[PDB]
Each structure stands twice: as structure tokens, then as C-alpha cells.
Amino acid sequence: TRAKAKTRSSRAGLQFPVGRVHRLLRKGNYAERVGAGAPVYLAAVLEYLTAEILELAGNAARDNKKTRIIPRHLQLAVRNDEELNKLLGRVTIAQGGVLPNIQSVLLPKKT
Amino acid sequence: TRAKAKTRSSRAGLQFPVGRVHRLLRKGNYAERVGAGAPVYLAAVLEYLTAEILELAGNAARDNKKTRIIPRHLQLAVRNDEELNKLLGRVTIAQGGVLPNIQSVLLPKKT
Amino acid sequence: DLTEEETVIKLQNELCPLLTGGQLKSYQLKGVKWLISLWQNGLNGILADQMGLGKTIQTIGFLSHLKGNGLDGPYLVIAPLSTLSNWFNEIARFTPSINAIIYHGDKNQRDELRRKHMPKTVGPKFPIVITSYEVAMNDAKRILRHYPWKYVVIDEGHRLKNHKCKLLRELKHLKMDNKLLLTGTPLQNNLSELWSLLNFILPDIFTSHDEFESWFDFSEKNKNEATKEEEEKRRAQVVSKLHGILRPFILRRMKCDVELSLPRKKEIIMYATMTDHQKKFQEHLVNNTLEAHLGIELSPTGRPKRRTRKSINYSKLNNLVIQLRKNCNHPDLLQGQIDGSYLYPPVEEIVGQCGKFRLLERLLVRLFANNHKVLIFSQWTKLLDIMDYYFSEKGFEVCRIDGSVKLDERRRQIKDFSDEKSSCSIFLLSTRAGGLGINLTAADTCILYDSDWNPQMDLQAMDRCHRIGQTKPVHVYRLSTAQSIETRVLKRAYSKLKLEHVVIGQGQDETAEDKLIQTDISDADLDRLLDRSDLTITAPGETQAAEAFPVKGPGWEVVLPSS
Amino acid sequence: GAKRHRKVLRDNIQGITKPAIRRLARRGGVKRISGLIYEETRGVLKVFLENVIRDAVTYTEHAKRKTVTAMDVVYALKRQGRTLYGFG
Amino acid sequence: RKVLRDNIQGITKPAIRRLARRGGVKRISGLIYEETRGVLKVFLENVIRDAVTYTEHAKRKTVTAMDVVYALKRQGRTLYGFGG
Amino acid sequence: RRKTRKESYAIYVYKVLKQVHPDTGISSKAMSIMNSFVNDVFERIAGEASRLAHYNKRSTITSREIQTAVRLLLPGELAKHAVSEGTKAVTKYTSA
Amino acid sequence: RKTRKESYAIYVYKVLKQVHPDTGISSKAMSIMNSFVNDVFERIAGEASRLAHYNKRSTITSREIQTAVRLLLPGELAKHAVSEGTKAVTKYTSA
Amino acid sequence: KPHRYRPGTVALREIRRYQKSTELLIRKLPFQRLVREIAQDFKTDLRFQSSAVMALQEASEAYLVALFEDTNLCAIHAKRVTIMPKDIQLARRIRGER
Amino acid sequence: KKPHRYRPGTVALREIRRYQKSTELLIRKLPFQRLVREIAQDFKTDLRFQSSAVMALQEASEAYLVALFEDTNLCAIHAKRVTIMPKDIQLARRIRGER
DNA sequence: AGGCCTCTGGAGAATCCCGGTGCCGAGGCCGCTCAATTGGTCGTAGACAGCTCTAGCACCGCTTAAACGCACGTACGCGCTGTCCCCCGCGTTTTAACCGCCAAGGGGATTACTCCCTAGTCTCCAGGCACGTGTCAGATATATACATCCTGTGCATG
DNA sequence: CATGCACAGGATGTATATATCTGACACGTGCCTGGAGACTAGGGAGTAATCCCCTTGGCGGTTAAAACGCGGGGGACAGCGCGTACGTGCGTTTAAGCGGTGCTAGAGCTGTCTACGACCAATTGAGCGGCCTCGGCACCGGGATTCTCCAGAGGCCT
Ligand SMILES: Nc1ncnc2c1ncn2[C@@H]1O[C@H](COP(=O)(O)OP(=O)(O)O)[C@@H](O)[C@H]1O
Ligand code: BEF
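Shown next as C-alpha cells:
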């Protein structure tokens, strides 16, 4: 006579999977035992960061008159912001270029 | 009927305490099981490193005709040696001072 | 009734009026008729005459017959690079009233030829096009795509034995009315690779791959009550079905009964024994010590002294098989790093280290005593270099062909050597590069320095000196190393032939070996083994010559084809 | 009639050739290059490679395998101090 | 319950001179001091802002040496001589 | 024989994308990079929380430790929005 | 009052007297040594944990410790530490 | 006479191009040979997956690029525009890598 | 007789040789303590500082500044000058990756 | 008679968009199953109230070393010129990567089966940790001998 | 006739050597809490046996970078001259630094009691392998627009 089952994610309103996060947190021996509130808190943060980066990536990709995102777009989106750049100060992205810039002294004279 | 107890450190021939290391490993939640062999190995390694540092520190101290070691001596011993300096690349020792060093260009002209 | 010659002449004139270079042979005329019938019925087909029977002239006659009726059209011919000049010369010789061009060269030259000789509008002056594989592969998409190819001839068909081959995919861009696929060895190592040619030629029939796989049984089930005689019954039924489903699409003819005027040939194996120098390397390699063959302090208080500790006052199995094969071929292939750019060792030292080289040196001296000429084959160029250096030291003449020699240089040397006035007597060839197509009738002896994994490759190489136009008996010597890994590979190789003999007919605790392989050939036996008298053609009415030497003996063994 | 001199190949480290170094420099934003950098760059690169190959080999050895794999290189890089995305 | 203001001026020039000498400098320009004071303030802000966060979590009201030594270790520099 | 399955965040990342740019798509390489990013962030946060809990001799992990770890790691403005999102999620979850 | 706190004080002194018979140490140096030992121990254990985790193992055995040392200590120090560990473990079993 | 640009013009044009593309710059086969050579010293008869070689390449290339970028600033500091070895040595020394 | 006076630059070398031998602390106590107290007042209003933490903070600050000046001095010699200027500090901090 | 130049005024060379066919990687669809859910105990970390009692935060006074302003020289920083070698740009060829293609077989993953190390309880007892004293290194005071930095005649101009 | 080297003394700033006298550092006890013998279940982990993938060695051909060589302009170094902005000293001031007392406030222990979170069985369906099908991109080929680079005329002079 058990009622219809509803996933915890649906109950909380998030998109990421609560159960998988809880399982990983337990089996990873990060602590002796895990409270009931942590996975819900963690999933929201992960979702927020993912959406934050994807919005800028999509804007940059659209600006170039193209439909599908590719790593160059991620590089441009990340390195043009002063906060995401500080968070990822040590990470390297495969097949990403570099921001274009030239020292002012090297440019030719006005003539 | 009980035989007289002998400490594990005595049987292994080391000086450091084997039991305490074993207790620390289990309570530290590094893994759910600990083998019977690891503590002896770890204690031996720690003892060797401590002896290595102290031998150089003592030599440094006796040079200045002192008798008891003080932090300056440890600083000199660590920074003069090659491998130890690389190992302690990001460590600051309280009241250590710095090694004597002057750039050659600043010295007075020989004339 | 008219004689055979007169009837052949009249029929040739009726069917091939433009052909004037020379008369066709009877079976060639029959093949021409077969091709004409196949074309009339609108069905493709393979031609698989044995090597050296003159397929090129038959194809040329068929083409002349086609154009003889005014059906001008764009014709394409593809062949290996080394043979193009031969195709051009044959056309120039037999049918002087036809034009052809060798569409090969750099991009600019190809564009020049396209603009000059290949007008967009077909006409009677349109020449035949000849090309290699790579050129036809690169330019298929954007140049050759723009023609209505009337007829296509793909020489050396066995190059398409892989269904995943890229070349087999590029050709789909072209649209071709009919295909013809010449070859000399239709049946490769395993049955699957045979389906590719049939699928390419007749897609409307041999569609399903799994059906072709399942149509023949190779289960080898135990001889149970119902299977005791099935071992032979099923085999016979399968062979009969295969022949019956292959009869209408293939033409095959054999030398042994078509050209009885041609002298025969024999294949001979001769063994050699390893030297102590090679045994040393073998032992070191087995123990993983070849490189080695070529190759604490206490501080005060009793503690070990750390190395380079400052003392100053403070104040103030991975590749064993290939290694063994290299060792068996010649020791010097190894240790290629010790001397770097420096010279090869002294001439005399090279001979003393390799058994096979010693045997070859012993064998060569006698052949020159009777004015014979020999061809030497190999697979590894670095091995060719050592022989070249040795012969240059001895001061003999040499000619060489391989992948690093340009087209014009290849062509010049063949013509020079074919000259009767040439005094050259040694010719070197790479197996893959020069083994196909070319004609070297001048020589009458072939030597195989090593054996390939695939037996079919060797068969092509042997026939380069035994074809129409030959006038003397031919001997083939294959060298091998006694009691070594060489035997394993050679034994495995012949295992693949049994399937060919089963499928294709001739028309449409020391063992005994341990007592023979080890034995080196003595000088007295060697000087006796060179007799070729029995292979000569008997005069009419005379009895056959007796066998010159027994089938097998110490250090040598004749090979008899399966039949 | 080839002469008695063996074939020889350039040393492996010489494979990295001058135009490649120039191309690398341009991406950095360099306008003029001196003549001696081509001997410093190779020395720097050879030193850099060992500090990663050693750790990769040690990780492979511990697992009792005989073939290196991508995860070993990624772990070595991450431990050394540099993180790499796109290969996990 | 008093208030504090403008204490950054307390890093007198001779102190900066003495610090420089230990580093091996011989001759010093006139504009260094203003840059050095700003650099020092920027450095201190980050360590203090993490020590406070560590303390407040445990609900204590007094900062202790263990919090400071913990804070430094997170920024890649370790200190020996006060705890572990 | 296909038993060796693999788990990843591909589906969820794809789901989030459609909420911001409905008509856009993403290639495989970008998907792999995005997948790798999430693991790194999760590992950092969990690792920090683990040692934060032990420092006080407490045994369990609760939302408080996660909140403090997030406040410590993320720099500048990102901390405030993340904390607000987390609290807004948990409060809604509890009431139902 | 008087709630005990644990440290490595005695063993450092024992080793010192074993090396240099007549030398002594002030308290400040003792504190530095006490911190250094803990730091090295933590580094080694932390490395060993993940090294074991990567391979789906559950236990921590001497092999993990031996592998971990070769990654941390640079060059020369690696050899002698491994030698000492092997010697100690070998002697322990036969006792 | 034939058209001929003044010195320095082509370098800027190359810079403005190579900063727009993401492809690899070093040739593959020589790099693979070098990687195989170096590793063989530590242990014999190893085998490499292709993706490992690719990872090593893309890891080293982005390190060399950054090193060259940090070097250029030092040259401008001394009133020059050319790079010289002392610049690389100083940059590495300050970075703390040696 | 003129009042005996050394030539410029001599006393600097004596100071360098002297201060590199001792291990004292170079900044005053009370000014540094007041500076530390002032900054923390922004994050919380009534913090209570244990007497030991201030020493650790002072040690860390001195150890950082000494290394920064040492690197600046090397950066200065590169241009053939001998006096350090703000450009050198800015370049050093840019290279180290802090800015 | 002769400059020094803007300002064209072309002339040549490099990206740049614009339209037209080909192609294979992304997006749904389907089938299957193993990993979250839902109820239920059971023992426990962890709030919560009530007590000690250590130290950090003030206040006062007093000696007295560091700060803080000047007023001189001087040696370094900066700019302007010349000279000369070296790096860039552009033409001819030669050399080796890229694929394409032949073969073979080592080592990576699974799936069963069995056993010998580790966990978790009990006793039992001795090794390490606060309190307690007692000397003697090392921090200061003083006399001074020695080493080091600086300028003023000396020589040689000739 | 305004230079470049050699010495003289002669004032200062270190390291000698001898004598006083603290207050840490070393050593003893007396307990306890935590380590050390026996005993008992369980299940990771070691060890065969086996597929099927993916790696390792070599030849053929092309063709677009790679190597050489040559001209010539400009950037890297020496040199010299000018003029500040620092570096030794000497008085005058100001604030650390030491040495004692009071207080509370807030950090540590101790004893309860309860809501929370591990474990087990029985359920489904949300999440993963395969497999087609088509458009976003990917060539091509051809006409624009930008941008350098050098020669001649005449401002305004000399
Ligand atoms: N009818 C002929 N008259 C003269 N020579 C002929 C004739 N037919 C064939 N040949 C010879 O056959 C030789 C090779 O031709 P061919 O058999 O077709 O080569 P392959 O079969 O190996 O591809 C040629 O040298 C040619 O001289
Ligand atoms: F085409 Be034939 F084999 F020359």
C-alpha cells in the first residue's frame, strides 16, 4: 500500500541528482557520517556555478555567428571575467587559445 | 598464566613509538583497514629523517663554540644543505634569520 | 579445311582489323571472344590467366575491336606505377593508329595535360588515359568526376582484397558502365577477402556477407555415427557447389598444358648452419643481456655517508621475435649504434659472421663460370645496402630498383639491362616494389634471400624471369637457416596454400628433418646439384631424360607443387 | 655502388627545429628574437619533461601494469601543481 | 569601547630601512615607503579575514594562535614553532 | 558483455543548458570539459569540509560546514549568491 | 587543571643523545622538531590514502608506504629511507 | 624593383594570426620519439597509449607559451625589444623554479 | 683638521653585514598591535586577541617582506641601476603571479 | 642655386564576404535492470544547565633610547651622438612527415574459487605525564690590541 | 703643469681576555590511562583460465615545410656631459618599554536526556547501451575592400 515514490530532487526543486551526491559523499570517507541536509545544500551550489559559466559561454558563442559551443568559447568566457579567472587561476584547458593583446611599445610609429 | 609483555618498538629495534602511530592511523579515517606492517615502516622513516637533521644541526652548533642547539643553528643546517632545502621549500622557521649574501656588483671597486 | 594459322589469321582480320603488330595465339583469340560475349550480354567478369601468358595483348585486342566499330569513348586504365611505360609501349607497338597519354606528374603538369590533350568534348582523337593508384585516388573527387567513363580496366585486382580499403571507397564517386579485373592469384589467404572482388564487380548478386560466409561449412565436427563419412561428403559437396557458383564468371588457364614449347623450372631449398657468433647473441637475447655483452662510506659515529653531502664549516619478451629474425638474417643489422657514421667492418669479416652469406658467396662463384645471370630479392633495404657494398668492394657491376628510385631511373635501367650488349650480370630488387609487372627475360636464375609470411607474394616474384620468350631452363634457390625460427615461419607459410589447392583446380626423438636440415651441403654435392639437363625439352620421338638428382638429401630438398 | 659510410640520423632532441620555436614565440607576443635562445629552449624542455615522466612511470609501476595510460599523466600533473581538463 | 584611526602611519621609515638592509639592498629611492605600506596592508587583510572566519564558526569570541597558524597553511606557506 | 557502464553528469548539464539558451547546442569536447569541472569543484568543497569538521572534534557533517567551506573558497561576489541559493533550497526542502 | 597533552619530546632527546653524547637543546628547537615530525607524518599518510584509493583497494599495506616515500623525498634521501624501512620490517617478522 | 616590405612588418602580421588559431604547433612524430627516448632510461620496454602522448604534448606546449610570455616583460624593462638568454634565466629565478 | 667623515656608501655595507647576523625583530610592538586591531574591527565588533597570535602575524609579515625586497633587488640590477624604485616592486609582484 | 619635408597619388599585395554542393556527428527513440525508496528498530552524539578560576584588559609612574628635523656635498641617473655588426626578408632545392598498407601477437579485462589476515571483545599492568628541586651555561660589565678606512704630502712629469 | 701612483700617520670600530650572577634545563616520584596477551568469527584479496582489443614493427609515394644563400637597414652598445635626489652627521623632541596592581569576562569541565541517523527487506522506474536520420558545418571558387610603400610638387626656408 506504499504511495507513489517521488525523487528528492523533485521535492527540493533542483535539477542535479541528490541521491548520487549523497552516495558519493558517504562512500568517499570524507567523514564518519553525513547529515541529512548536506546533499541538498551542495547540489544547489553546483547547479548555480554550472549555469553561471554556461550563460557567458553561450553569449560568447552566439556573438561569433555560430550555433554550437566549442572549447575556444569556454576559454574566452572564463578568461574575460575577473572572478572565474581567479577561481581557475591554475587550470589549463585543452585546445584553448589565448586572449589577443600586444604591448603598446611594439606597435609601429604613427607614420 | 601470562608471559611478560614486550613493546613492539623493542622487537623492531626502533626508538620511536610504534603503538602511537598505529593508533593515529586508524583514528585518522585515512582508510577502513590498516595493515600490520605500515607502522613499523613509517616509524623507521621518521626516525631516520630526525637523525639526519640533528646530525647536521649539532655540527653547526659546535662551530660557534656553543653547547646547546637554538633555532639559528637549525636554520643554517637546513638552508646550507641541498636536498633538505628543496624538501622544505615553503617553510618559515621562527627567529631563523637569513644566510649571509651580498651581490658582487655592490662591493667596492678593487682599484 | 584451312590450317590453324590461316584460320587464326582470317578470324583475327574479321574481329580485330586494326590489330597489326603481330598474330594472336589461339587461346588468346578464344579469350577475346569470351570478352566480346560478356560485353554483348552486359555482364562483368574476371580474367585470371596464369602469370606470363599475355593478358595485356588480349585486352588491347578487345579495346581495338570495341573502337573498331566507331564506339569512341573515354577509356581508363589503372596499374602499378612501375608498369605504366610498358602499357604505353604496347599500345604504341601493336596498334599505331591509337593515342594514349601517361596522366602522371606534379599538379601543374597534370593541369597542363588536362587543358591540352583532354578536351571536354569527346572525339575520335580522344586518347586513352593511364594512371597509377595514388593519382586516381587524389583526383577522383574534383577532376575525373566530370567524364562519362565508358569502360574501366583495373590491373592487379588483388589490391582490393580488403573491403575497408579507402581506394575501394573513392571509386564510388566515378560512374562506370563496365569493369574488368585482371589478376594472377585470385584467391588470397582466407575466404573473407575473396568476397570483396565479387561484391565490387557484381553488387546485384553477392550482397549479403553473412550468406557468403554460411554457404560453406568448416565445422570439423566429430565423426559421430552420422558424421563418419560426412568428413568427405560435405567437403565434396561444398567444393562442387563453389565451383558451380564460380564457373560462369572466371576464366583460368595453366602453363603446363597451353604452351608446351616453354621449358620447365624447379624450386629448390638449401639450408645453412648458424655460427658461434650468432649463437652468442641468441643466448644473450634469451637471457635479456645483449646490452651488457656490449658494455657505502660511513660518516663519523658509523652512520652511512649520504652521497655528495657537503663537508664545510658553517661559520664564515616485448619484441623477441623480430630480434631473433634480425639475428638470423645477418648479425650486423644489430649493434647499429656503436660506430655511428663510421664505416662498415672489413670485407672479409662480414662473410665470416653470417652462415647464409657464406653459402651465397660459395654459390655465386660457380654460376659465373657458366655465364648465367641472376636476380636477387629481399624485403629490407638496409640488407640490400650490405650486399651493394660487398659487390662494390669486389668491383662487379650492379643495377638496383626500390622505392627510393624515381620513375625515369627505373625505366632506364630495365631497358639498359635487357640489351644484349650489356655486360651486367647482377640485379637487385625489393620484393614489394619490383616484384610486379616488369619483364626481365634476359636472366635465367632467381634467388630469394628470405621468405614472406604470404606465399602468394613469392609466386609473383619467381615468375619475373620465366615467361613467354624464355629459351633456357630456370632454377630458383630459396635459402633458410637450419634449426632456427626461420623454419617456423616457413612452415606456417605453406599451410595457407592447402585451401587454395582445395578450392581452385587447374582449369576454370629427432625426426627425419632433424637428420637433414642440420646437414650442410658439401662441395661435391653442390657442384652436382647445378645440372639442368633433365629440364630441357625432349626432341620428338625421344625418351624422357632421367632424374638428375634425388628428391631430397643432406642439406637440400626439392619442392613438388600440390596436385 | 654505395660508399662504405653507414646511414645516420639527427639526434632526437634536434627534432624540435627552429621554425617551431619561432612559431611558439609569436603566440607569446614577441617581435624580435636573438640567435641563442634556440639552445636554451631545448634545455628547458628536456628538464621539464623528466619531472613528469618519472612520476607517471612510478604510478604505472605501482599498479603492476606494463603500459602507461592517460590517467597516470593527469595524476602526475595534478600532483606537481598543474591541473589539466579534457582527458579524464 | 574606543575607536582607532590612521594607525598605518606607525610603520616608521627607519623600520622599512632596517627591513631593506637585511635583504641586501644598498641604496634606496624616495618613493618606496608608500608602496610598501599598501602592500603590507593588502597582505594582512587576507590573513585576518580567514582567521576571523575560522574563529566565528566555533562560536568563540577570542582569536587564538591555532587559528592564525591554520589560516597561513591554506595560502601555501607554513609556519613552524607555535603548534600542529 | 556491455556490463562495464560509466556514470557522468552529461544529462543534467544538458538539461540546465536549455533553461538559459533554448536553441543552442553543445559539442562533445565541451561536454567532457564541463563534466571534469564539476568533479573538481565538488572535490574541493568536500575536502575542505572534512577537515573543517575534524578540527572541532565533531563527528558528523551538516549544512553548517558546507556553508562555511563555500564562504571560504569562492572569492568575492560568488559567495553571496551561492549561499542564498543554498539556503533557499534547503528551507523549501524541509517544509515538505 | 592538569589535563594531559601528548608530544614527541622524549624520543627526539633519545636520538640526540644517541648521536652527539654531550649536546643539549633549548625548548624552542624542541617545539620546531615536534612540529616538523607531525608535518612529515601527515604528508606521507595523506599521499598513501589516495594512492590506495585509486586502485579500488581497501587496506593500507607496507607497499603503499614504500611507494609514497619515493614520490615525496627528492633524489638521494629516497634510497636510504627505503633501505631502513625494509631492514626494520624484515627484522620485525622473524622476532 | 620588386615589392619588398620593411623590416618588422611581417612579424606583427604573424602575431595577429597565430593568436587566433587553436591548433598544435610542434610536429607530432619527433615529439613522440623524444618522449619514448626519455622514458626508456627509467624502465625498459614500456608501452604508451596515444592519448597519453597527446596529453603530454598539450601540457608542455602551454607551459612553454606562458614562459615565453613572462620573458617578454623583462626585455621591455631594460629598454630593449629583443629576447636574450639572461631574460629567461632571470624569469625562472624569480619564479622560484631554481 | 676637518671632522672625519666616511665617503657615501660605506656605512650601508656595515649595516648590511650587521643586520644579517642577528635574528631580532625589526618592527616596534605596540604600533603593529594597534594596526592589527584596527583592521579586524571591520569584520567583527568585539574580537578578543590572545597574546600569542600577534607574534605569529608579525613573524609572517617580516618573513614575507624580506623575501619581497630580496627579489626586488635582483630585479633592479638587471637594468644596470643600483637604486630600487616602484617599477621593480610592481614587476616582481606581476611575475610572481600575485597580481 | 638647394634643400626639408607633407601630401598626395597611385600601385601592389593580403584578408574578406558571398554564393554554391557534400558530408558525418548530434539528437531522439528504444529496450533493459540495478540502484534509489519506503517503511520499520535501536543506540548514540550532541544540546543544555550549572559550576570553577586563568588571563586579557585597564591604570599609574618613571627613565631614556629611537624619531624627527635640518644643512651640505657628491656620485649616480638621465639624455644625446656615433659606430658597426647582426637579424629579417626573399629566392632556389633538398629532405622527411602523412597517410596508406602488411602482418602478427602481448597484455587488459573479466569470472570462479578458497583461505588466512583483521575487526572486535576481554582482562591485565607498566610507561609517560604533572608536580617538585638544584646547579652552571650564557648573558652582561670592563681594558684594550688590532685592522680598516681616509687624506696629505712625496715622486715623476720635461 | 694638472695629471697619475706611493706611501705616512691617524682616528675609529671590531675582538680579544677576565670577572659576576641569574633562571632555565636537567633529574626524581606516583599515578593513571592506554597499550599489550588470548580468543573468536568473517570476507577481501590472492590465484588460475580465458577472450578479444589494441599495440608493435616494416615498405610505398606526394608535396609543403624545411634547409641554404644573399642584401641591407636599424637596433645594441660604448662614450660624454649635465644636474639633481639621496647619504653622512648633529642637535632637539617624542613616544616605546618596564614594573607593578585590579577586575571581570569568558574558556573549560560535569551531569543529564532526547531527536537523529545507521542498518535490513521489498519494491519499481529512472538512468544507461545500441541505432538511425538529418541538418550545421566544411570545403571551393570568385569578386571586393583595406593596408602599406615609394616618387613627385611645392609650402617655407637657406
Ligand atoms: N602475341 C605475342 N607476340 C609476342 N610477345 C607476346 C605475345 N603475347 C604476349 N607476349 C609477351 O608476353 C610478355 C608479357 O605480357 P603479359 O603476359 O601480358 O604480362 P603479365 O601477364 O604478367 O601481366 C610480353 O613481353 C610479350 O612480349
Ligand atoms: F598486368 Be600483367 F600482370 F602485367
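Those protein sequence lines, which keep their order, are chains G, C, A, I, F, H, D, B and E. One point on numbering: in the authors' numbering, the residue at position 4 of the first sequence is 13, and numbering is uninterrupted. One point on numbering: in the authors' numbering, the residue at position 15 of the second sequence is 24, and numbering is uninterrupted. Numbered per the authors' numbering, the third sequence spans residues 179 to 473, 480 to 500, 540 to 731, 755 to 809. One point on numbering: in the authors' numbering, the residue at position 50 of the fourth sequence is 63, and numbering is uninterrupted. One point on numbering: in the authors' numbering, the residue at position 72 of the fifth sequence is 90, and numbering is uninterrupted. One point on numbering: in the authors' numbering, the residue at position 56 of the sixth sequence is 81, and numbering is uninterrupted. One point on numbering: in the authors' numbering, the residue at position 88 of the seventh sequence is 114, and numbering is uninterrupted. One point on numbering: in the authors' numbering, the residue at position 26 of the eighth sequence is 62, and numbering is uninterrupted. One point on numbering: in the authors' numbering, the residue at position 25 of the ninth sequence is 60, and numbering is uninterrupted. Yeah, the Cβ is synthetic: ideal placement off N, Cα and C, and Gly gets one too.
Spatially closest choice to residue i from the options, by CA coordinates
| i | options | result |
| --- | --- | --- |
| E572(A) | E461(A), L598(A), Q602(A), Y613(A) | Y613(A) |
| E410(A) | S779(A), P786(A), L762(A), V725(A) | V725(A) |
| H553(A) | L582(A), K500(A), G563(A) | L582(A) |
| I276(A) | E793(A), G246(A), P258(A), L291(A) | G246(A) |
| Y80(H) | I66(F), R67(F), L58(F), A89(F) | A89(F) |
| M354(A) | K344(A), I332(A), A665(A) | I332(A) |
Three-state secondary structure assigned by DSSP to residue i
| i | result |
| --- | --- |
| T73(I) | helix |
| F104(E) | helix |
| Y700(A) | strand |
| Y498(A) | coil |
| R45(F) | strand |
| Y672(A) | coil |
| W373(A) | helix |
| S601(A) | strand |
| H689(A) | coil |
Range of the contiguous alpha helix (DSSP H) that encloses residue i
| i | result |
| --- | --- |
| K457(A) | 454-465 |
| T119(H) | 103-119 |
| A450(A) | Segment 443-450 is the beta strand (DSSP E) holding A450(A); no alpha helix (DSSP H) there. |
| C343(A) | No alpha helix (DSSP H) contains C343(A), which DSSP labels as neither H nor E. |
| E469(A) | 468-472 |
| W212(A) | 204-218 |
| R69(D) | 53-80 |
Unbroken beta strand (DSSP E) run spanning residue i, endpoints
| i | result |
| --- | --- |
| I102(C) | 100-102 |
| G223(A) | 223-225 |
Supposed contact pair residue j and residue i - C-beta distance, whole angstroms, cut 8 Å
| i | j | result |
| --- | --- | --- |
| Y54(E) | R39(F) | 5 Å |
| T485(A) | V38(D) | Going by Cβ atoms, the distance from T485(A) to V38(D) rounds to 17 Å, so no, they are not a contact pair. |
| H351(A) | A318(A) | 5 Å |
| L722(A) | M448(A) | In fact, because the Cβ distance is near 28 Å, the residues do not count as touching under 8 Å. |
| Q190(A) | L202(A) | 6 Å |
| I224(A) | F427(A) | 6 Å |
**Asked** Can you list the beta strand (DSSP E) stretches of 3 or more residues lying completely in the region 234-315 of chain A, in chain order?
**Response** 253-256, 278-280, 306-309
Requested in this report: Entirely within the region 47-133 of chain B and at least 4 residues each: give me those alpha helix (DSSP H) ranges in chain order.
Outcome: 64-76, 86-113, 121-131
| request: Scan the region 22-104 of chain G and note each continuous beta strand (DSSP E) run of 3 residues or more that stays entirely inside, going in chain order. | output: 100-102
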